[PDB]
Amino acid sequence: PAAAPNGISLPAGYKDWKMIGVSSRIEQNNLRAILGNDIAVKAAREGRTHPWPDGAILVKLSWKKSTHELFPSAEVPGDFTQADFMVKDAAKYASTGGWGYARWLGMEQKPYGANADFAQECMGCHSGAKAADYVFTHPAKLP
């Protein structure tokens, strides 16, 4: 796939990354999985998030909600909508809270954003999570 408008390349093999958590957004009618590279997953599990370490990459994968034919009360993934990424580099991405933001749309992997300044949209909401280093997700608890 083409790079994002700010120059960020799509991380190869993100579909093999370990699970950090899951979510459902009522207003978007979607289901989401949150995965990370090994630096991200080690930080998540030890609570090294004030701040997240350089080299951590988070991905969020979104699907439209659909219902299971044999069990209609189970909400399950339908069409794939987007892959959203945050790349930690405190020096390189100082103007956007130390994070490099990027999104690719659909099974076609089309890069999102009108121009190289697109990540200001992402900051509009993610600045609300400034006390948690711009990340909303609380890693899911496991034994």
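Numbers follow the displayed sequence, beginning with 1.
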item: Segment of higher mean CA temperature factor, 15-23 or 123-131; value: 123-131
item: Of 114-122 and 55-63, the one with larger mean CA B-factor; value: 114-122
item: Deposited CA B-factor, highest of 47, 77, 106, 100; value: 106
item: Candidate residues 91, 40, 83, 33, the one whose C-alpha B factor the record puts highest; value: 91
item: Within-chain third of residue 2 by Cα B-factor, per the entry; value: highest
